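Student: Right, I'll just put the structure down here and ask away after.
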Amino acid sequence: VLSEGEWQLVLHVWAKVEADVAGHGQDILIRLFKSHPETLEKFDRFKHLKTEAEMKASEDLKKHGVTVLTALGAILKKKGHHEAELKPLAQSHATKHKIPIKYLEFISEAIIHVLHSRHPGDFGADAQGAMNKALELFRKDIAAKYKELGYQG
Ligand code: HEM
């Protein structure tokens, strides 16, 4: 359970992200795909992209980055009271998209890295630890839904 102070650190940096949702979403998906190429393979929509320059030039990838970060921002702003938001997301990601929980760990790393690069003054160690806790809570709660459905592994 995050404390109120931890949530304030999370949402203070997240308010900075929302000034350029699309640039953050590009940076995060590109980092995810470069660091963990198995993740790119899960996207029929993107797996034609073979270089970082091609990824940066894809408007559709930029659009999807906004979709992803909008869903995550709505979850973070619930401060843990996010059951209604996680139900459909766990269902799609477990049963339709077939995304292992481990790949959610990978995107969480990519998010933390990009936030550190773009917002160092608001993303010191205290805020890094709080965002790590928030993303752990996200993964814990999604993993419980995966397990219900027979996909935790
Ligand atoms: C912070 C974590 C993530 C969030 C908030 C998120 C959110 C979303 C949302 C909102 C959609 C569209 C609605 C839906 O299908 O449920 C979507 C689609 C999708 N997501 Fe995620 N996602 C996350 C992580 C991942 C990861 C790590 C992968 C793959 C490694 C992935 C793969 C996909 C795929 C394949 C689609 C469908 C894309 C398409 O063909 O339109 N997601 N995601």
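So for chain A, numbering is Swiss-Prot's, and the shown residues are 2-154, in order.
Just so it is clear, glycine is given a Cβ too, placed from its N, Cα and C backbone atoms.
Quick paste of what Swiss-Prot says about this protein:
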DOMAIN    2-148  domain 'Globin'
MOD_RES   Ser4  phosphoserine
BINDING   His65  nitrite binding site
BINDING   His65  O2 binding site
MOD_RES   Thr68  phosphothreonine
BINDING   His94  heme b binding site
Student: Do me a favour and check the Cα-Cα span between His94 (heme b binding site) and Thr68 (phosphothreonine); whole Å is fine.
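Tutor: A Cα-Cα distance of 14 Å.
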Student: Including all protein chains displayed, how many Cβ atoms other than that of the residue listed as 'phosphoserine' lie within 10 Å of its Cβ?
Tutor: 10
Student: Measuring Cα to Cα, how far is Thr68 (phosphothreonine) from the residue listed as 'phosphoserine' in Å?
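Tutor: Cα of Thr68 (phosphothreonine) to Cα of the residue listed as 'phosphoserine' measures 28 Å after rounding.
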Student: Out of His65, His94, which of these binding-site residues shows the lowest number of other CB atoms within 10 Å of its CB?
Tutor: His65
Student: For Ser4 (phosphoserine) and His65 (nitrite binding site), determine the Cα separation and express it in whole Å.
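Tutor: With the alpha carbons as reference points, the distance is 31 Å.
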Student: Counting across all protein chains present, how many other Cβ atoms fall within 10 Å of the Cβ of the residue listed as 'phosphothreonine'?
Tutor: 11
